[PDB]
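Below is one structure, written out as C-alpha cells; comments come after it.
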Amino acid sequence: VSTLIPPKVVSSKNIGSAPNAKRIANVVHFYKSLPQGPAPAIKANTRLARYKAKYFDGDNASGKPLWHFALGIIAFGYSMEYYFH
Amino acid sequence: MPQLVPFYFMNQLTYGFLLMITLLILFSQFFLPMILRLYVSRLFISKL
C-alpha cells in the first residue's frame, strides 16, 4: 500500500562517515608527492656530482669508492715526503 | 723534520678549536635536523 519508505529522503548517509577525514587528507597531501619527486640530484658537471654518480649512488655499497679515496692520500704524504725531503 | 715534529702548538690549537666549533654548528643546524627530517617525513607519510 504505502509509498512512504526511507529512500526518498536520504540526507545523512549521503553525507556522514569517518573515511572522509582520510579522503580529504590524501587529495591535498598526495598530489604534490610527485611520482619521481622533483628528480633528486646524483649527477651533473659541477665536478663533484660526477663523483656522486660513479661512487655514491644509492645502489652502490661496494668497496670501490673507499679504495679509490684511500689511494690518493697514500700518494699524498709519500710525495710530500719527497717535497719536504 | 719540523712539519712532522711540530712545536707550532699555538698555531695548531687555533686551527683546532676553530674546526670543532665549525663542525658543531654545521652538524647542529644543517645535517642533523635534515636527518630528523627524513625520519619525520617517513613517519608523517606513515600517519596518512
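If you read the sequences in order, they're chains A and B. With the first sequence counted from 1, adding 6 to any position gets you the UniProt record's numbering. Residue 16 in the UniProt record's numbering sits at position 16 of the second sequence, and the numbers go up by one each step. Cβ coordinates follow ideal geometry from the N, Cα and C atoms, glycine included.
Quick check for students: name the residue ranges of the beta strand (DSSP E) that lie wholly in the region 40-84 of chain A, counting only runs of 3 or more. 41-44
Assuming contact is defined by CB atoms lying nearer than 7 angstroms, are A50/A and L48/B in contact in what I supplied? no
Integer Cβ distance of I48/A from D63/A, believed to fall under 8 angstroms: 6 angstroms
Residues that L48/B contacts on chain A, provided the C-beta gap is smaller than 9 angstroms: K28, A31, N32, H35, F36
Quick check: the region 23-33 of chain B against the region 9-22 of chain A, are there 3 or more CB pairs under 8 angstroms? no
Beta-carbon of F90/A versus every beta-carbon of chain B: anything under 7 angstroms? yes
Residue span of the alpha helix (DSSP H) that contains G16/B, given as start and end: 9-26
Do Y61/A and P46/A have their beta-carbon atoms positioned less than 7 angstroms apart in this structure? no
Beta-carbon neighbours of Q3/B, restricted to chain A and to distances below 8 angstroms: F90
Counting only the same chain and skipping the five closest in sequence on each side, list residues whose C-beta sits under 8 angstroms from that of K58/A. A47, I48, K49
Got a sec, what are the start and stop residues for the alpha helix (DSSP H) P13/A sits in? Counting along the chain, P13/A falls outside any alpha helix (DSSP H), and DSSP gives it neither H nor E.
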